[PDB]
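Residue numbers (the numbering used here), protein chains in the order written: chain F, 375 to 443; chain P, 154 to 620; chain D, 35 to 529; chain Z, 82 to 138; chain A, 12 to 59; chain B, 259 to 326. Report on one structure; see the data block that follows.
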Amino acid sequence: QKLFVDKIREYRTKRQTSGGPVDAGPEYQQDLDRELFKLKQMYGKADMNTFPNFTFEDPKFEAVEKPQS
Amino acid sequence: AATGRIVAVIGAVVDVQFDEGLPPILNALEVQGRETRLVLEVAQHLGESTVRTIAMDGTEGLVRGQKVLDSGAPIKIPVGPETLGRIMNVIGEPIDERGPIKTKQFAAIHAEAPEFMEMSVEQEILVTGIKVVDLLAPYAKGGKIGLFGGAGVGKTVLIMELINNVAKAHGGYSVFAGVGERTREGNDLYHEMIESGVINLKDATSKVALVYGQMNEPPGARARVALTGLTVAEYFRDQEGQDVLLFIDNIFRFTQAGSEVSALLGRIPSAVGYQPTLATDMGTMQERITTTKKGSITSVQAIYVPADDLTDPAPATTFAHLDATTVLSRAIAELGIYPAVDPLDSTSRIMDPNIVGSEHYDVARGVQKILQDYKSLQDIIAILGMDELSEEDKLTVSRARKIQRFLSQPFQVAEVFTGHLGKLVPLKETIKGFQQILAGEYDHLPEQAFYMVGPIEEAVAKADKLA
Amino acid sequence: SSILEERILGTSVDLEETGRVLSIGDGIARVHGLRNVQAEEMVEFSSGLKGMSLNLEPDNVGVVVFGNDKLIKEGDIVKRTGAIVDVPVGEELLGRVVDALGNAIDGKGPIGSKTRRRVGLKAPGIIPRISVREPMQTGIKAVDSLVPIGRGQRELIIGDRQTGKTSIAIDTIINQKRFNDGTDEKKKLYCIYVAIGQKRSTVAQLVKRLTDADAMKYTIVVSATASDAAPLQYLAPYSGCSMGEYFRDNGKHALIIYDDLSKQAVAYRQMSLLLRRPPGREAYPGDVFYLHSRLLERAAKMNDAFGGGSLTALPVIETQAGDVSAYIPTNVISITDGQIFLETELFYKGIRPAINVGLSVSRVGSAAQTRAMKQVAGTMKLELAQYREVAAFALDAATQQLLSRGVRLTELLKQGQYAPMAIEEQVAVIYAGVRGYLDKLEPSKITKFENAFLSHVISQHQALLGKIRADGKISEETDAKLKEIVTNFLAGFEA
Amino acid sequence: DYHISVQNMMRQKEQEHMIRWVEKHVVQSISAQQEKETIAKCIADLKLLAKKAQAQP
Amino acid sequence: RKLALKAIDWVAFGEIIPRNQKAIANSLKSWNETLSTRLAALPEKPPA
Amino acid sequence: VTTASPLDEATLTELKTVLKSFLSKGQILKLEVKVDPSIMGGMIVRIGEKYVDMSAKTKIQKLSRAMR
Ligand SMILES: Nc1ncnc2c1ncn2[C@@H]1O[C@H](COP(=O)(O)OP(=O)(O)OP(=O)(O)O)[C@@H](O)[C@H]1O
Ligand SMILES: Nc1ncnc2c1ncn2[C@@H]1O[C@H](COP(=O)(O)OP(=O)(O)O)[C@@H](O)[C@H]1O
Ligand SMILES: [Mg+2]
Ligand SMILES: [Mg+2]
């Protein structure tokens with residue numbers, strides 16, 4: 375019970391932070407950036423809302439055009 | 154931290170007794186009163202405040218009652234970007250007479266395998282310039298490769314050819330680990346790597362690191378070198394984002410060295426004299442050489458088979474840890490076909506139509522079927538003779554004998570003692586050359602024209618000269 | 035934030051019995067202490083590891099560890115839980131990947147289960163059983179027509195390395211989707227896969243292959259890879275059989291697969307030798323037969339007084355250089371009801387899957403097989419039996435016709451990968467071959483004809499297949515229709 | 082799908098770091114004087130708990 | 012989308028004047044079969 | 259009895275008084291007082307084969323929140 379209440383108090387202390395971890399970490403941002411770059415490379419580059427729309431023509435149009443037609 | 158006393162010395166096994174502060178398993182200990190550093194590793198807790206250890210060096214001159222000191226951590230070695238171009242040993246001491254190695258951090262030898270959720274499942278192809286491998290059992294990127302062969306059949310020539318063909322053009326780093334081999338070969342490799350330019354002695358543009366323990370070392374050392382190579386291989390994969398190539402020579406000596414100490418530890422032998430714990434300790438080591446979601450590792454390993462036997466317990470449990478297999482045969486080497494690769498016993502995981510394409514797969518299956526059919530006529534030919542066959546059987550015999558010759562090839566690293574010139578074939582030319590032979594377009598040429606050439610165009614010219 | 039606070043928001047201590055460690059090495063611990071400890075009871079170490087007691091001696095207890103042993107050291111403390119080893123059971127385990135003791139390793143979360151069950155139990159006796167009467171379909175043409183399998187049976191898959199043993203089970207698992215996506219519950223089947231001794235990347239690729247065909251919703255994967263301790267690999271198959279038995283006792287049907295039973299015996303041999311027990315042949319323990327006999331006896335077909343459930347088994351064995359007369363394989367051959375043989379020489383001659391039909395057997399007598407399939411398979415048996423006895427010589431009235439038909443019949447049995455077929459389509463494709471409609475075409479082009487004809491029949495004649503499926507047998511009108519369809523398509527299909 | 086995955090990854094990282102910070106600061110905050118006073122309170126509490134356990138033969 | 016095609020008899024189709032047109036009919040067989048297979052492979056209705 | 263810091267002798271005789279209550283039928287208990295500061299704090303008691311652990315081992319319990 376004593377350890378539980380102590381840890382609850384420290385969790386509330388963590389919640390007292392305005393934002394982010396108390397220890398931001400010199401390498402936490404670098405690791406997050408590396409992971410984000412890896413995810414972007416794996417999943418491919420994507421814009422916020424880009425929705426391209428290009429339609430091709432009929433491919434390999436087969437016809438009856440021949441000398442014996 | 155604490156001091157003990159030596160109680161018994163037998164071969165490479167030493168027992169120590171501690172008054173207080175019993176060390177845990179896998180810690181390192183130091184011996185007091187010697188000219189050269191000697192380190193011991195804890196293996197068992199016997200009882201009555203006694204432990205049983207394993208030495209990493211010679212144990213001549215030890216006396217009962219001598220003092221042993223505790224360290225408090227496993228074996229640690231220098232790891233980082235400053236190990237490129239240097240030579241280390243089992244416990245990470247430089248043996249290249251160039252001063253100490255000044256790195257920032259260290260790492261322990263023993264660790265644990267990557268978890269289940271970190272695995273990658275991508276598959277691609279790697280081109281080597283050798284006809285048999287590309288046509289029949291192609292390799293892959295970020296996979297495990299093994300080379301099986303007896304004694305004197307040519308594993309290390311193939312390893313050096315693969316180094317010459319792949320390593321030079323690679324953009325990442327490389328690591329070479331030598332376990333239980335000849336020293337003069339290591340000296341040759343070091344000098345030729347100095348000459349080529351991979352190792353540079355006046356700047357920081359080297360792209361290889363070397364770790365060695367050869368066949369002149371006690372069995373304690375030879376059982377631990379591969380992990381020393383694995384650690385420096387893993388640092389470049391985790392801390393930095395890089396692609397790494399790892400070459401290990403005769404990983405079989407890792408297993409044999411472990412059975413020389415099993416008897417002294419007091420165990421019951423299992424089979425053919427091997428130790429009872431043969432598969433678990435191999436699985437512990439092999440699972441660390443993998444590809445994860447942080448990097449890639451490509452492995453090339455050479456394996457040894459005792460007395461030309463593939464059912465021996467040591468090489469028969471390594472088949473389950475590989476993604477591509479290449480088996481060498483002495484009978485083929487007797488006929489003069491180099492490399493002596495058996496075409497009916499080599500496999501790969503990416504031989505399917507949806508990865509390599511339909512045409513490549515059809516050509517490979519056709520050549521394998523033709524090779525299989527000719528093997529089933531040997532008994533009749535060996536006694537009754539060629540005259541008893543019909544026409545189709547003679548045609549299949551001629552085509553199979555023509556196909557066998559075209560699988561040989563001259564290597565560049567063997568030019569010195571063969572009087573030839575090295576060749577390197579692209580994939581499309583091999584596919585087309587085997588298609589043309591399968592179609593029967595060259596039935597009017599002698600079978601001796603398809604011997605030790607590169608692309609198919611060289612066969613017609615050599616046949617034309619040999620009129 | 036508050037979630038973790040609530041997790042820590044939710045501590046009692048009580049007396050327990052205790053022993054002390056005397057020695058530790060290579061995964062075996064000798065414990066002085068515990069007095070009232072049962073045989074085969076689960077105990078717990080200080081750090082968090084777990085173990086099981088096997089040897090009960092006057093002065094010590096031998097305990098094997100379920101994990102690493104670099105943390106145990108002389109002088110520690112051992113406690114006893116008071117319960118024999120058991121695993122969670124239920125149907126909340128569908129779609130999850132768990133280890134040998136029922137712990138999630140897929141990263142989803144905790145498993146909400148309400149029941150537990152022991153791993154070592156006795157098989158049903160003589161009274162609660164009944165005969166085998168229902169079919170178990172796989173989708174392999176060479177199996178469903180010559181080596182049929184019923185529900186409640188055991189069948190062995192045996193061969194060398196790199197022959198194709200795993201893909202048969204993988205194809206069998208996928209085929210069951212067309213039944214589970216239905217209405218009636220009397221034709222559904224659940225699947226269990228157990229991996230022993232394999233490496234992790236292969237299991238990852240297998241799970242990815244399963245999840246891209248929408249098959250993980252009714253499968254359970256139990257894994258004990260090559261990096262785990264020997265006791266876990268020794269305990270894995272029973273932990274999966276105990277999960278399979280849950281469905282059998284509630285009127286449902288299930289399927290189980292033990293991959294590489296050969297790799298459980300090596301772990302048993304390693305575990306037994308370190309306990310100082312005398313060796314035997316090839317240093318195997320004295321009772322390796324009893325290791326598998328009590329395992330393969332738990333698959334049975336229950337009668338109506340007990341619910342009507344069932345459980346089927348498919349073990350796997352590997353042989354060295356095609357030696358079937360070794361020690362381990364002969365034990366398991368004499369336990370099962372049948373076996374399927376795979377060979378390398380047939381593999382390299384283009385016969386894939388490489389099933390040797392001259393030796394494969396099934397001791398069911400086709401009691402559980404659809405009526406329609408029997409009519410066209412009983413006649414193919416004779417054709418192939420008469421083809422084999424003559425057509426291998428390392429006139430035109432009999433011999434030429436015989437091998438002309440046989441070479442056609444062989445080509446019909448080849449099949450691709452990851453694509454099982456429904457029963458009626460196999461019936462139609464075999465019906466085309468057996469009647470002689472393809473005795474004129476060159477054998478080299480048969481496969482293209484099979485593919486194109488199957489696509490055309492599926493698209494343009496969907497009403498015909500339903501008749502065969504519903505009736506369960508052919509009829510005069512159906513036979514009349516099929517000849518016209520076959521002749522017309524053969525005439526039109528010349529390309 | 083891309084954006085959803087990235088956000089989930091960020092959430093997981095933050096949870097892990099917060100747990101680590103809380104545990105480390107629990108160890109750090111526990112001081113010798115706190116241990117003395119808490120151990121006195123625990124002497125009373127655990128003596129009562131031992132009395133409770135011993136009350137159940 | 013929805014289709015309205017006409018059923019044909021290929022046996023009678025081969026009987027129509029084939030002189031200098033065998034290659035055209037051979038190509039037509041491949042096109043007619045393969046396009047039908049591709050159309051049947053994917054649903055005519057738009058995806059979800 | 260194991261403790262991180264040396265308990266007072268008055269607390270020692272109180273502990274003896276209650277330990278005799280647990281002993282019940284038997285003889286004079288043998289008390290080994292041990293001071294191990296490795297634990298953050300608490301008290302560990304062994305009585306024959308009985309064993310009750312009340313120490314800073316609860317940190318593992320609090321760490322298990324991360325698992326679930
Ligand atoms: N019907 C088939 N058609 C084509 N290739 C096949 C077929 N069946 C199996 N293969 C191929 O055979 C190879 C071996 O198959 P599989 O993985 O099932 O072997 P195995 O008997 O389980 O081997 P191991 O002992 O390595 O586990 C694979 O490359 C697989 O693609
Ligand atoms: N490609 C090759 N061409 C010619 N000779 C070869 C070739 N490969 C191996 N040899 C022969 O094998 C010998 C070297 O064998 P080696 O590679 O040392 O075998 P291992 O790798 O098993 O020790 C050489 O003397 C050479 O005669
Ligand atoms: Mg060599
Ligand atoms: Mg397999």
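Note that CB positions come from ideal geometry on N, CA and C, so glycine has one too.
In the DSSP assignment, find the unbroken beta strand (DSSP E) run with residue i in it and report its ends.
i, result
"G157 (chain P)", "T156 to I163"
"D293 (chain D)", "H287 to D293"
"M305 (chain D)", "Note, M305 (chain D): premise wrong, no beta strand (DSSP E); alpha helix (DSSP H) at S296 to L307."
"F171 (chain P)", "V166 to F171"
"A362 (chain P)", "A362 to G366"
"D120 (chain D)", "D120 to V123"
"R304 (chain B)", "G300 to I305"
"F259 (chain P)", "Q258 to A261"
"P231 (chain P)", "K229 to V232"
"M435 (chain P)", "No beta strand (DSSP E) contains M435 (chain P), which is instead part of the alpha helix (DSSP H) from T433 to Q439."
"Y224 (chain D)", "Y224 to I230"
"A455 (chain P)", "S449 to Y457"
"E55 (chain A)", "Note, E55 (chain A): premise wrong, no beta strand (DSSP E); not H, not E."
"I404 (chain P)", "It is not in any beta strand (DSSP E) - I404 (chain P) carries neither H nor E in the DSSP assignment."
"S313 (chain B)", "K308 to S313"
Report the partner residues of residue i according to the DSSP bridge assignment.
i, result
"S349 (chain P)", "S349 (chain P) is not bridged to any residue."
"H323 (chain P)", "DSSP, once it has assigned bridges, lists no residue as partnering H323 (chain P)."
"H66 (chain D)", "D:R54"
"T45 (chain D)", "None; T45 (chain D) has no bridge partner."
"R163 (chain D)", "D:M336"
"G96 (chain D)", "D:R64 and D:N89"
"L345 (chain D)", "D:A288"
"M250 (chain D)", "Paired residue(s): none; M250 (chain D) is not in a bridge."
Where does residue i land, buried or exposed, given buried means 16+ other C-beta within 10 angstroms?
i, result
"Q562 (chain P)", "buried"
"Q285 (chain B)", "exposed"
"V569 (chain P)", "exposed"
"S279 (chain B)", "exposed"
"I450 (chain P)", "buried"
"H263 (chain P)", "exposed"
Starting from residue i and walking both ways along the alpha helix (DSSP H), at which residues does that stretch end?
i, result
"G519 (chain P)", "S511 to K528"
"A238 (chain D)", "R234 to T245"
"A34 (chain A)", "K33 to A52"
"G526 (chain D)", "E510 to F527"
"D371 (chain D)", "Careful: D371 (chain D) lies outside any alpha helix (DSSP H) and carries neither H nor E."
Could you work out which residues of chain G lie near residue i, taking near to mean beta carbons separated by less than 9 Å?
i, result
"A134 (chain Z)", "Judged by its chain identifiers, the structure shown contains no chain G, and its protein chains are F, P, D, Z, A and B."
How close, in whole Å, do the beta carbons of residue i and residue j come, if the pair is a contact with beta carbons under 8 Å?
i, j, result
"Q521 (chain P)", "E379 (chain D)", "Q521 (chain P) to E379 (chain D), Cβ: 11 Å. No contact."
"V99 (chain D)", "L83 (chain D)", "6 Å"
"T275 (chain B)", "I124 (chain Z)", "Their Cβ separation, rounded to whole angstroms, is 14 Å, which puts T275 (chain B) and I124 (chain Z) out of contact at 8 Å."
"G193 (chain D)", "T353 (chain D)", "7 Å"
Could you tell me if the beta carbon of residue i falls within a distance shorter than 7 Å of some heavy atom in ligand 6?
i, result
"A36 (chain A)", "For the structure depicted, ligand 6 is absent and the ligand set comprises only ligand 1, ligand 2, ligand 3 and ligand 4."
Handout entry: Nearest-residue set for ligand 2, Cβ under 6 Å from any heavy atom
Key = P:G302, P:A304, P:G305, P:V306, P:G307, P:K308, P:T309, P:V310, P:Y491, P:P492, P:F564, P:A567 and P:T571
Practice task
Anything with a beta carbon under 6 Å from a heavy atom of ligand 4 counts; list them all in chain order.
Solution key: D:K199 and D:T200
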